[PDB]
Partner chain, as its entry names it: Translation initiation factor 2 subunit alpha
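Consider the single chain below, provided in structure tokens and representing the form deposited without the partner chain.
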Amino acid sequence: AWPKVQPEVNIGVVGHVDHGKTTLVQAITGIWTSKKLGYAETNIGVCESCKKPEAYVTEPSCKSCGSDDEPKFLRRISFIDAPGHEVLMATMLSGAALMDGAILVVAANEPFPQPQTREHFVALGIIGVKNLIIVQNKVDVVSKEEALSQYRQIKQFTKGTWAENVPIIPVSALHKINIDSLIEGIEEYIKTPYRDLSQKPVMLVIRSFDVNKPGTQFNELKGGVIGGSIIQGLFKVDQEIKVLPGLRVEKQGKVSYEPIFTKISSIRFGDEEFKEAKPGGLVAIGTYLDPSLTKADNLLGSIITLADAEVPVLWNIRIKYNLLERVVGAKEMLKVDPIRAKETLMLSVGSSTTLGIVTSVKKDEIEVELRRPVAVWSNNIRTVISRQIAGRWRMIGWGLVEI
């Protein structure tokens, strides 16, 4: 039989709106995600006596290649399925903090390169998600020749960049054509990365829930649940933890943040319970928190650490930055203006998104006064910088948060 384990690697799925990311995740895992930032898992295996790529399977059967033998289990994987709409760029960025590698979906029946094909690509590059596969989707509605013309364009686009040798795999997500080749590619190009389990446990929070059905009395009201991904170390049932920056507190119209202390009462990945949670996959951490504290993704953008961890929670930050030449996600070409004092920027840090006012500009460094504080769990954390342009938040640069 195949073991029941947590996913060991997160594969982002990104690309322009409606290019078919969610359908692709469904073709691979059998699961349709409904959430804004979607999540789905599957086991991956290989029928060792069969020919590749058909030998790759997502279920323990080799019947499709004529064997009654069980396929060799390789690993469980999971997908972080980002939204494509330009208005949802921040969500993509938050999801990108959880990715170990990625698939960039390009619709074969739309002119390449579309605005969020570019914006998501560049974001992946900046964030360091470079174990990339480019998937040419919807090849079912175009001829081989049209798809090949676009392939040439994609090679031209990636040439001279970090992605110059990234593979391009043509599929139909909708009608499930050539999916096996994509599985083979995932195994070849998106290896599970090394995890130093000795590092202090840190989890980035992207969801939080009240899991109680209506008509539940207090006597059995379950404690709040917090969802996200472990980016380093590992957590275990009964650990004393804290959520940072924590809870927004109002004292006569004055607003501050207080760390939320709690205890891990349960750990789930998908439909399975575990005693510990490691990087890879999206974990649900059960706590003893009042469910009102976690309801409706209240804690999105928080981090979780062990209760005694030392973590700066900052209302002001210094960033060693670099700007892009052009606003890549804009429809009409546009140069990136230099950062100016007093302007409001949007900062993506881990899973968090925060507005701040620029209080100092230098050539390599800016200082920013944050509208709400950010937990900075390490010394070399990358931030992605967006500017509001014609009413839309567009990525214009990035930086390292300086401690």
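C-alpha atoms forming the largest set that superposes within 1.5 Å between two forms make up the rigid core. Positions refer to the first chain, counted from 1.
FYI, the form solved in complex with the partner chain isn't displayed, but the following is about it.
The partner chain is not drawn, but in the deposited complex it has no heavy atom within 4.5 Å of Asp238.
With a 4.5 Å cutoff on heavy atoms, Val122 does not count as touching the partner chain in the deposited complex; it lies far away. Mapping the unseen interface onto this chain, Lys213 counts among the residues with a heavy atom inside 4.5 Å of the partner chain in the deposited complex.
With a 4.5 Å cutoff on heavy atoms, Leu234 does not count as touching the partner chain in the deposited complex; it lies far away. In terms of contact with the partner chain in the deposited complex, the residue from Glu325, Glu250, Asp290, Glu273 that brings a heavy atom within 4.5 Å is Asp290. Residue-level contacts in the deposited complex: of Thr262, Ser208, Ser94, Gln116, one residue has a heavy atom within 4.5 Å of the partner chain, and it is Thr262. Note that among 200-208, 300-308, 219-227, 96-104, the stretch whose heavy atoms approach the partner chain to within 4.5 Å in the deposited complex is 219-227.
Once the core is superposed between the shown form and the other one, every option in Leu148, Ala163, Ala284, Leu306 stays below 2 Å in C-alpha shift except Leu148. After superposing the rigid core, the Cα of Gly84 is displaced by 2 Å or more between the shown form and the other one. Fitting the two forms on the rigid core leaves the C-alpha of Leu93 displaced by at least 2 angstroms between the shown form and the other one.
With the core superposed, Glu59 shows a C-alpha displacement below 2 Å between the shown form and the other one. Compared with the form shown here, the Cα atoms of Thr353 and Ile133 sit 3 Å or more farther apart in the deposited complex.
Relative to what is shown, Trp393 and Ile317 are farther apart in the deposited complex; their C-alpha atoms differ in spacing by at least 3 Å.
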